[PDB]
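Notes for the structure review
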There are 6 protein chains.
Amino acid sequence: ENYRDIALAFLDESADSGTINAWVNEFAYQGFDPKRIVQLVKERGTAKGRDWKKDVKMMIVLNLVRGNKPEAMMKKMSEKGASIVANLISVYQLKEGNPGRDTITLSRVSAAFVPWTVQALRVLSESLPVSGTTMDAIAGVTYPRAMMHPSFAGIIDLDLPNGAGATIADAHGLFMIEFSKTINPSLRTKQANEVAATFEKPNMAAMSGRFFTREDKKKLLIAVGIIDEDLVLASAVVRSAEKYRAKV
Amino acid sequence: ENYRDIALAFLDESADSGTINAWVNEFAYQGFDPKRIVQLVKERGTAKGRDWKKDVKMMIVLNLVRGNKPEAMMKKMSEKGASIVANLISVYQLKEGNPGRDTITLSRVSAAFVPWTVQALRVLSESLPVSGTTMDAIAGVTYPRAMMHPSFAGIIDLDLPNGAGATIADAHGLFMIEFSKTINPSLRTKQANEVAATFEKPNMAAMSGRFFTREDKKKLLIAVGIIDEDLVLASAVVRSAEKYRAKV
Amino acid sequence: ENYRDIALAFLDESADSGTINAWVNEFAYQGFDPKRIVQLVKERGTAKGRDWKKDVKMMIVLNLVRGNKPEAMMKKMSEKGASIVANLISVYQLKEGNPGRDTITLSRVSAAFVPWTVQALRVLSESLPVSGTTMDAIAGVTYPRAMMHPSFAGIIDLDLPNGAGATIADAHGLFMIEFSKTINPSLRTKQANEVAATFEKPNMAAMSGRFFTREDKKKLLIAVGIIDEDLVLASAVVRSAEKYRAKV
Amino acid sequence: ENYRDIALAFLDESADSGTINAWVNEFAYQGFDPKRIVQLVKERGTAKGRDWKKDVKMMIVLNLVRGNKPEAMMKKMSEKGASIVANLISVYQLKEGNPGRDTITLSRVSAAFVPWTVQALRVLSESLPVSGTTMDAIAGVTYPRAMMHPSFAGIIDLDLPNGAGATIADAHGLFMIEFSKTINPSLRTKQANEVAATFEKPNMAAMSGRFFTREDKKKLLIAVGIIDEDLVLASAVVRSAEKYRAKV
Amino acid sequence: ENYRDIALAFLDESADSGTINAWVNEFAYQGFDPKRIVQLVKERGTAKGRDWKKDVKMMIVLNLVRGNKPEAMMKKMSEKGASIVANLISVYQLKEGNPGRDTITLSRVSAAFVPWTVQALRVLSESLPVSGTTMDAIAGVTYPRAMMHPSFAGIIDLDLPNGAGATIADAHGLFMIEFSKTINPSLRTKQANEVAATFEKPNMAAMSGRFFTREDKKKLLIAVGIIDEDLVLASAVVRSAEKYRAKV
Amino acid sequence: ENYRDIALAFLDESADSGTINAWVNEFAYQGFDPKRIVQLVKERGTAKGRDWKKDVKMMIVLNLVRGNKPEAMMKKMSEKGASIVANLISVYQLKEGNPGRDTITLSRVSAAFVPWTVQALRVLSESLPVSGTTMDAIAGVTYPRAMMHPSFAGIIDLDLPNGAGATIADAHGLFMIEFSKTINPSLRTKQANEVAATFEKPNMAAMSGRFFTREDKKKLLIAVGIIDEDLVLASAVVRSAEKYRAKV
Ligand code: NA
Ligand code: NA
Ligand code: NA
Ligand code: NA
Ligand code: NA
Ligand code: NA
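So, how was this worked out
Residues numbered from 1 in each chain as written, not as in the entry; some residues may be left out. Chains lettered and ligands numbered in written order. Heavy atoms only, no water. Residues with missing side-chain atoms left out of burial classes, pairs and counts. Helix = DSSP H or I, 4+ residues; strand = E, 2+ residues; numbered from the N terminus. Contact = heavy atoms within 4.5 Å. Least-squares fit on C-alpha atoms. Axes fitted to C-alpha atoms, helices over the stretch in contact; angles between N-to-C directions. Parallel < 35°, antiparallel > 145°, perpendicular 65-115°, else oblique. Left-handed = near helix turned anticlockwise from the far one by under 90°. UniProt positions renumbered as here; feature names shortened; annotations may be inferred. Salt bridge = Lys/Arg side-chain N within 4 Å of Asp/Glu carboxyl O. Expected span 1.5 Å × (residues − 1). Polar contact = N/O pair within 3.5 Å; in protein donor to acceptor, adjacent residues only side chain to side chain. Nonpolar A, V, L, I, M, F, W, Y, C, P; charged D, E, K, R; others polar.

A separate point is the overall build of chain A. Summing up its helical and strand segments, chain A has 12 helices and 0 strands in all. Order of helices (α) and strands (β) in chain A, N terminus to C terminus: α-α-α-α-α-α-α-α-α-α-α-α. Taken along the three principal axes of its C-alpha coordinates, chain A extends 75 × 45 × 45 Å. In chain A, of all internal contacts separated by at least 6 residues, the share reaching a separation of at least 24 is 75%.

What follows is the structure in structure tokens.
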């Protein structure tokens, strides 16, 4: 008849790291699933008389610089070039912002197929609003190809031995602020340090994913060649990271 | 026929500390009752073919980091993991914000069953938005497991002999500001000292509760092991408190 | 046929201090009448099978710390304690803010029966949002029991010989700013000096009342014992007043 | 057939100071007429079984401190005293703010019958929100009875020989800022110099009126006794004016 | 079939100063026509049994100080003087602000018949919100009669040999800022330099007009007598202009 | 049955600069097409009994200074001159702002036929809100005719050997800020450096166009004569650019 003994009785519960961590990761909700997208895009591309991969490549390259919403479909140019996009949009039913998980957005297209994106990204790194040169100005050392796109963040794992991934998360973070700086409407008085709270949560959400095993992430990171098999971190990542670590 | 004599006559009323204090504590309203929750959750869990304790554990671990509202049910991840939560939500009828006392919120789930929460909290203390490391940066001395969660505040009693609890209230307060700092939308110019007025009232409301006798609170605090039977305060609590006391 | 001679003719009107002062005090409107409240509360309490005085005591003690509006009837606690209040509310028909003069608000309950309130106030002075200790920090000298509550202000008369009451009005004013400081939503940049204009008008309205003769006010003030029969002002009132007088 | 010759032809128009000045003064619109008020108030007071002068005196004394709008009819006091005002209000049909010229406002009551107002004003000068003492603090020299009320401004003429009136306008202006300071909702950062533009136009409108001949204004000003027959300005007016002249 | 050759072919177009300048001046739109006003006002005045010139004089003198909108028809004065204006308003159908070109506003009345306005302006220059004295304070040298009113600006031509008119435009500009300063609602932090962009466009629009030949403008400017036949600029205009030129 | 292998498999995609660059340029949307305009304007002008070129010249000269929207059709001038524009507007169906790509705006008229615009621009360069003189004040060296209009930006190619075009983009940019400065409603605290983000995207969109081959752009730039056949950059462009490069 007494609530108090059970209420206090919870105390002596046996707690194990692994069970709350294992459950707490798969609690990270349902906002964006990579795996669903590949199935639906594959079905759409197969059914339609066009190659999904060829189309997707165009969609991603469009994504990096053009932004998430293409519905405006207007920005100072001749008609036939933009025309091809419409075919793709109709079958995909892309929607502006984030209406739903099942709804596909181009940034999800980049994220789910991020290795192809890093492959494309190299030549358009300068092409992006953040030039390779402005970025050389920000950090003296030569820039990491792969760590550019904010969606790229999902692959790297913070839980890797020696915590190298942690550094990456910070190191990769700074591009974001500058990219935020370009897309964010107000910049003049804003501080790089504090703004981190916005976009930080999706970034960490990206860090932990059930989609890719650790081996897969390792394969990408060695594939760019930035990290050796001995797992020694590239000088560029940590050295770029010092600016943030100092400035916080 | 004269209002004045009675009006002045109230003056010579015999006043005793104990009667106004005893009545004034049970006046603290009906916003949130721990005891109601245990009865309704027990009934729901028993009636449904699932274990209330096992479910509740998941609900709390979800609560600490995920925030109070789960209805958005969306944040960059694969479907099956989030799926289990829905079953729980339907029977519980959880509602966003604070609509009603009888309505259950997950933070009330943590609060009513706070000892289980402290038991879970240890490994996820780093996992929370405030890392164990950032917190080591804020206070040099090693951190108190139990005093982390803002809902944890309810157990400690300020009225204990030697007023140790008072210190705790201040000492525990600082985590709150930082956690507020993360969840609060605007941080840049805000001051830690002044912001105390928000959340202070529920914190003090937490300090005084009819739910737990003093012995019960003592059992939790000795159970963590932070305080001895001689009731000597851990160095960590007061030493962490000095930062606030100085900075106010 | 000429407007000008009469218009100028008003000039030589015989003016006496006493007649404009006597009329101008009873012009101070009808926002809040103490006397009406005692009659209606007495009728309600007599008609209902409960003691009005016993109930009222609870209502006032609730008033000092809980604020004027109880309709939310919710703040983190168990059900049976708050339950008793409802009975009282139904018969009283209390309304939030200031809708009408006849409508009773709890602060009017405190004001009309302020001597009982000073009698209760002593032990809960620390209990109020402004602690006895913070208040010792603000003023080095030991604090006056009676002069705490902002509603207490009505008793004291500024028109008393030697103008001691004037000092009190200033001296009592500072608690208000701090209490305002707690309840006022924005505090950070606000100045204690300038904010005086808000709440000053009801405070002065309180100073002058037809409800109590001077003898009655004298009885309360000597009853607390703060002022002797020789009418020497307590050191605490004036010494506390110096902070305001300096800071303005 | 040419517009240009006539358009240029206007140039050689014979211009005389007196005709444009004489016409431009009676152009000053129809916002507030003193003369209409005396006729309608006289009719109302005569028709009703009450003395208009006795009532009006109360209405003005109420006006100086209570503000223009009495419709709220509520401010912390007992019922019978405020009750008498209603009778007056019904026959007068007073309206809040400035709805119409024919509509009477209490400040118009003060203005049209301003000599009676100066006669009343002396004892309530301290009583007003600006105390005689605060005003002694602002200006070291002893204060002018008549020049207090902002509505008083209408009598004085700037066009008088030696321009003494001009000084008065400036000298009288400073009370206004302080009174504005009390009634104006925001004071903290506002500057006394710049705020002059608000209320300046009605003040100058007051300076020039067809209602009173110069002799009438002279009669009031000598009647207070502040100015001699030799028309020597009181030391108080100019000496008080130096603060404004310096501070601008 | 190629768009490019014609598109590039436009390049070798023969361009002459006179043809684009001549066309670009008569492109300056249809917001306000002086000539239309004289025809309609002449018809209205002739048809009605009143003299248009006599009426217009009153309308302009009213315009300089009273502002553009007379519809409020209310500002602290006796009835018969304002009464005459109504007759004029009905036939003219004056409208507040700028609704239409055909609609007449009093400032257009001043502008179209600006020489009469300069003739009236002399005695009321002090009468205007900017006193002759404050203006002596701003500029040490004696002030130009004609260059006061902002509507006066239309006559002067910047294109005159030696560019004297240019100086005038700057020199005349400063009165505007001060007049703006009086009518503009917010003054405290505003800068005289930057505010120029507002009202600058109508001012330049005024500088260039098809209404008056250069000879006509010359006739006005020599008629005031400020400029000799040798076209030597008055010391007052340029010397007043130095303040602006320095301060920018 | 596994999503992961294909997802990782995208990595080893063969990436070539030319194919993503070639596709990414014709992705730049459909906001504004030069080529469509020439066809529709040609049809309209041919069908109507007026010369499209003669009309267009007027429309452009109107465009440079008058702004994009002519619908207000009102700004302080006589009727017949503005009248001719209406005929043109009806057939063209010009619309304010940017409603549609097919909709023609006058700035598109300038852009598509920009060589004619540079031909007109020379004499009206001073005529524009930014005077030739203020511009001499900003940059000591003599100003480039062609690089003035913001719409002029489309011709120059950044991809030219030695990157001279890049300099131009920066060098030409500064006029824009000043022109923005005039048309932009708020200027006082704004910074030239940061404001670049607005209008930068259409400027770069202008830099890359499928409309003109490189030879065509070369023809314009040598035609103005600012750049020799040896492709040596004019001193004016780079020397003007130093101010921006320093100030950023
Ligand atoms: Na085509
Ligand atoms: Na599945
Ligand atoms: Na119960
Ligand atoms: Na009664
Ligand atoms: Na009359
Ligand atoms: Na005509």
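Take chain A, turn it by 60 degrees, move it 0.0 Å along the axis, and it overlays chain B with an RMSD of 0.0 Å. Both copies are brought into coincidence by an operation consistent with a six-fold rotation axis. Using C-alpha coordinates, one finds that chain A approaches the rotation axis most closely at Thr189 of chain A, a distance of 12 Å. Taken together, the interface assignments show that only 3% of the residues at the interface of chain A recur at the interface of chain B, consistent with different surfaces on the two copies.

Between helix α4 (residues 52-66) of chain A and helix α2 (residues 17-25) of chain F, whose axes approach to 10 Å, the crossing angle comes to 70 degrees. The pairing of α4 of chain A with α2 of chain F is recorded here as roughly perpendicular in orientation. For the element pair α4 of chain A and α2 of chain F, the recorded crossing hand is right-handed. Residues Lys54, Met58, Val61, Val65 and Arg66 of chain A of α4 of chain A touch α2 of chain F, and the partners they reach there are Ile20, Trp23 and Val24 of chain F.

All names here are of chain A. UniProt records the feature "binding site: RNA" for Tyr29, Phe32, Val65, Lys69, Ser107, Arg108, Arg188, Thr198, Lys201 and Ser208 in the present numbering. Spatial dispersion of the annotated residues is evident: they stretch over 180 residues in sequence, and the largest pairwise C-alpha distance comes to 34.9 Å. Inspection of the secondary structure assignment puts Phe32 in the loop between α2 (17-25) and α3 (34-47). As for its placement among the helices and strands, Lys201 is situated in helix α10 (residues 197-207).

Another aspect to go through is the interface of chain A and chain B. Facing 29 residues of chain A, the contacting portion of chain B comprises 34 residues. Only α1 (3-9) and α2 of chain A provide two or more residues apiece to the side of chain A that touches chain B. The element that contributes the greatest number of residues to the side of chain A that touches chain B is α2 of chain A, accounting for 6 residues.

So, about the arrangement of the chains. Separated in space, chain A and chain C share no contact, their closest pair of C-alpha atoms being 12 Å apart. At the C-alpha level, the nearest point of chain C lies 23 Å from chain F, with no contact between them.

Close ionic contact of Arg210 of chain E with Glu26 of chain E constitutes a salt bridge, the shortest N to O distance being 2.9 Å. Here the residue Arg210 of chain E occupies a position in the loop between α10 (197-207) and α11 (214-224), and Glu26 of chain E occupies one in the loop between α2 (17-25) and α3 (34-47), the gap between them amounting to 184 residues.

On to the packing of helix α4 (residues 52-66) of chain E against helix α7 (residues 114-124) of chain E, then. Residues and elements named next belong to chain E. Where α4 meets α7, the closest approach of the two axes is 10 Å, and the angle between their N-to-C directions is 55 degrees. On the basis of their axis angle, the class for α4 and α7 is oblique. In the packing of α4 onto α7, the handedness of the crossing is right-handed. Between α4 and α7, the residues in contact are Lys57, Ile60, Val61 and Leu64 and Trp116, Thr117, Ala120, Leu121 and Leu124, respectively.

The next point concerns α4 of chain A. Residues and elements named next belong to chain A. For α4, built from 15 residues, the straight-helix expectation of 21 Å at 1.5 Å per residue is met to within 8% by its first-to-last C-alpha distance of 20 Å. The backbone nitrogen of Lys54 lies 2.4 Å from a side-chain oxygen of the residue at the head of α4, namely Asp51. Looking one or two places after α4, you find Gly67, whose phi comes out positive at around 90 degrees.

Here we come to the interface of chain C and chain D. Opposite the 29 residues of chain C that make contact, chain D presents 34 residues. Looking at the side of chain C that touches chain D, the elements with two or more residues in it are α1 (3-9) and α2 (17-25) of chain C. Residue contributions to the side of chain C that touches chain D peak at 6 residues, all from α2 of chain C. When grouped by side-chain class, the residues that make up the side of chain C that touches chain D number 16 nonpolar, 7 polar and 6 charged.

Looking now at the side chain of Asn25 of chain B. Within the secondary structure, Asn25 of chain B sits in helix α2 (residues 17-25). Within the structure, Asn25 of chain B has its side chain in polar contact with the side chain of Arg210 of chain B (distance 2.7 Å). Other than its neighbours up to four places away in sequence, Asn25 of chain B contacts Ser208 and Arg210 of chain B together with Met77 of chain C.

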